[PDB]
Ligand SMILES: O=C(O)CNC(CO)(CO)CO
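What follows is one chain in structure tokens, specifically the form solved without this ligand.
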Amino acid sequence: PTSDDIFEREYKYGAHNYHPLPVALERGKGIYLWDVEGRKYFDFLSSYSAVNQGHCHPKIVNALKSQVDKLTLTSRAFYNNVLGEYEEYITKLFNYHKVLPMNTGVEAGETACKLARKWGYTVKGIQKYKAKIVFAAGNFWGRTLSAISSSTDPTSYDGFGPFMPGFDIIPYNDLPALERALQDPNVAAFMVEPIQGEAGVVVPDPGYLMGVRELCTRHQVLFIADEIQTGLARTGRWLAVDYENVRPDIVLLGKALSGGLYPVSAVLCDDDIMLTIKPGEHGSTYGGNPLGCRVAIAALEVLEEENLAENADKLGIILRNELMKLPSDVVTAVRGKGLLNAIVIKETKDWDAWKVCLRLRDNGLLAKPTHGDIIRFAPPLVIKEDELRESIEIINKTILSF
């Protein structure tokens, strides 16, 4: 069963909603992936930062294998013995009263929108269905109809019917535009990524998160931090907002919340927001099931016990320092925090980001481009310095071979 057979089988029986890098993995462990021919690659995508803990981490695997024999799903129509233990752990770890469990990142994002609107009408006193939520251009938080209604990427929203009203969009990294938008008293919330992931690891200016927090507080607007990709040690802190000591009203977690073993997402906020949703008013079949909760407890324990936030911080400085040694004729910019980084490519007639990742793949490193001239570098946080430096030499020789 060859890589080419794998490509063709999906081409016939699967939807064409993705254009993947031509590589066919069958095994993964830590920072490494193997294709069906047995080739080894460095994973520098981490499945969009979902395997921060590395592929098939034994503690998370053990948690899954232990729980799957006892009980995997009662639905939240009944109680089980695991959900509450996870809820107490995650709320005390991040210091919010309550967590609302969901499965995927979009669902957490949708939950936060519902919380923001419900808070807007029942607490702030906005007249019903005039509540607005402000988003930042370049934002990506999934592909439901509501999520693409806030996007500024035509590939995401074009052709997908009329869009959800009440979503305003302002430039990213722009405190005066935020203040202008918050003059409207019908605004209920501002949702923003501390670093925009799918936009190309767009790091805002120092002080932006402090300005957002101040502006949101000044105008009584919920600050929703989407940490589904930047959180859980990826940028060198528990949350990327920690860099500016900023406390959002709602935090969104996901992806790495399970080490890649189970779709688990979470919405954290205090009682005055969380309890605006009453029994019967929100839910999810698989949300908060005991199997995903066991996995998530183990995945959080891994990040803490192995000190992955500090490892990501320390190794991320090395990565960016070395990447900045590449000549400015070929690499125009290097940006990121911790182990979430990107380079900007001098796009010409000779090459683009897809061609570089094709050659990076040939040299044993898997990375994906974000839109034509940008390459993301996001390896699992369990990578060690020597593995990192070997990775860098692969990136150096690949980039300079064009």
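Definition used throughout: the rigid core is the maximal C-alpha set that superposes within 1.5 Å between two forms. In this text, residue numbers run from 1 along the sequence as written.
Relative to the shown model and aligned on the rigid core, the C-alphas in 9 other deposited structures of this protein deviate most, among 58 to 66 and 345 to 353, for 345 to 353. Between 229 to 237 and 326 to 334, the larger mean CA deviation from the shown form in 9 other deposited structures of this protein, after core superposition, belongs to 326 to 334. In this crystal structure, the stretch out of 9 to 17 and 390 to 398 whose C-alpha atoms carry the higher mean B factor is 390 to 398. Between 327 to 335 and 72 to 80, the higher mean Cα B-factor belongs to 327 to 335. Annotation for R143, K114, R213, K98: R143 ranks highest, by Cα B-factor. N341: CA B factor in the middle third of modelled residues in this chain (values from the PDB entry). Ranked by Cα temperature factor within the chain, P154 sits in the middle third according to the deposited record. Split the chain's modelled residues into thirds by C-alpha temperature factor. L33 is in the middle one.
In the deposited entry, the Cα temperature factor of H55 places it in the lowest third of its chain's modelled residues.
Annotation for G200: CA B-factor lies in the highest third of the chain's modelled residues.
Quick note: we don't show the form deposited with this ligand bound, though the next part is all about it.
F163 is the sole member of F163, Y89, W238, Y121 with a non-hydrogen atom lying within 4.5 angstroms of this ligand in the deposited complex. Interface residue among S149, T276, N80, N311 relative to this ligand in the deposited complex, by the heavy atom within 4.5 Å criterion: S149.
Look at 163 to 171, 315 to 323, 243 to 251, 203 to 211: in the deposited complex, residues with non-hydrogen atoms within 4.5 angstroms of this ligand sit in 163 to 171.
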